[PDB]
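As structure tokens, one chain now follows by itself in the form described as "R state" in its entry title.
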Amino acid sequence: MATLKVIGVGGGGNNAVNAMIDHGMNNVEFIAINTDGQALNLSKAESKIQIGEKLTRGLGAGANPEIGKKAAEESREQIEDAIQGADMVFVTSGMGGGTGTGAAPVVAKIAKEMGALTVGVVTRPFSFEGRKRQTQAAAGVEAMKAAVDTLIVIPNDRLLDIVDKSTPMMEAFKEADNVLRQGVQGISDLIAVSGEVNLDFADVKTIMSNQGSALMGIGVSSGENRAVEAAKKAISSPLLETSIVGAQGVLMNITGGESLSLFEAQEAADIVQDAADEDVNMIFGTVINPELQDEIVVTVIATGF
């Protein structure tokens, strides 16, 4: 049974990890990382690492990624001790500030160099945060690409396509927390659900390793043609920056409220295989979530770009 750990890096990442904890992701261990001592005290993770004590004197990184980077490097041993034993590590962070932008790539490289399957799940800032955050965030994503095995980037501006028009700013960040939770949960569910192995870990690791940027989409449908419709939605999800056309590796999970037939799963898989336009190493699993009625959920991770 794989040891999964989820690490928040910086304020946005730790706020997302707090939402993961509240909501009850089970069978994973949570860690929070920050340069800002006071922000770090409000985090709900049982393992907390204040990085760059000497450098920052605990006062944060002031939106400077070079400071977040040197803080994580200063604290490398402590981060490694907190990671030791993980088979898989998620690094979650909002790109664009100092700590997550700078430290999250150091943290990822540390995990990867312990042999863990290292998955980044990160956001690009909303446009209201300004062109400067957006620029810093883009350098952050480029550094994260090299540091992880697989990177999932979610643009926060795309969240606005799937929330009510009346959504205030505070709720839009709560939505950002929820999407990071869903991306982490959805990838976690490829490994194990309800404490039971789903896809073979070694084969997941093979597909997700040393890939850099990858693509993740989740789609939902019901009634007639539900499997195919859910699959089409997954691969055209509003959160996707690219299409899956070309992908050399695909991991797929299909979730229903009763054990799904292989036939039906395979119809959804055929949509994803076709849309690829090239011949994939594709692996899929099926899971049961009792709370579902007639809805099927299709989760797709595509890599090899």
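We call the rigid core the largest set of C-alpha positions that still match within 1.5 Å between the two forms. For every residue, the number given is its place in the sequence shown, counted from 1.
The deposited model assigns a higher average Cα B-factor to 168-176 than to the other stretch when 114-122 and 168-176 are compared. Between the stretches 255-263 and 272-280, it is 272-280 that shows the larger average CA temperature factor. The PDB entry assigns the greatest CA B-factor among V298, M1, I7, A302 to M1. In the deposited coordinates, the residue among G98, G186, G94, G195 with the greatest CA B-factor is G195. Ranked by C-alpha B-factor against the other modelled residues of its chain, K145 falls in the lowest third. In the deposited entry, the Cα temperature factor of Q136 places it in the lowest third of its chain's modelled residues. Placement of the Cα temperature factor of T242 within the chain: highest third of the modelled residues, per the deposited record. Annotation for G52: C-alpha temperature factor in the highest third relative to the rest of the modelled chain, per the entry. In this PDB entry, the Cα temperature factor of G223 sits in the top third of its chain's modelled residues, the highest group.
Another form, the form described as "T state" in its entry title, is not on view; read the next lines as being about it.
In a core superposition between this form and the one not shown, the Cα of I191 is the only one among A143, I79, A86, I191 shifting by 2 Å or more. In the core-superposed comparison between this form and the one not shown, the C-alpha atom of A32 has shifted by less than 2 angstroms. A displacement of 2 angstroms or greater separates the C-alpha positions of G285 between this form and the one not shown, with the rigid core held in common.
In this overlay on the rigid core, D22 has a C-alpha that sits less than 2 Å away from its partner position between this form and the one not shown. In that other deposited form, the Cα positions of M20 and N289 lie at least 3 Å farther from each other than in the form displayed. Note: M20-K233 Cα separation is 3 Å or more shorter in that other deposited form than here.
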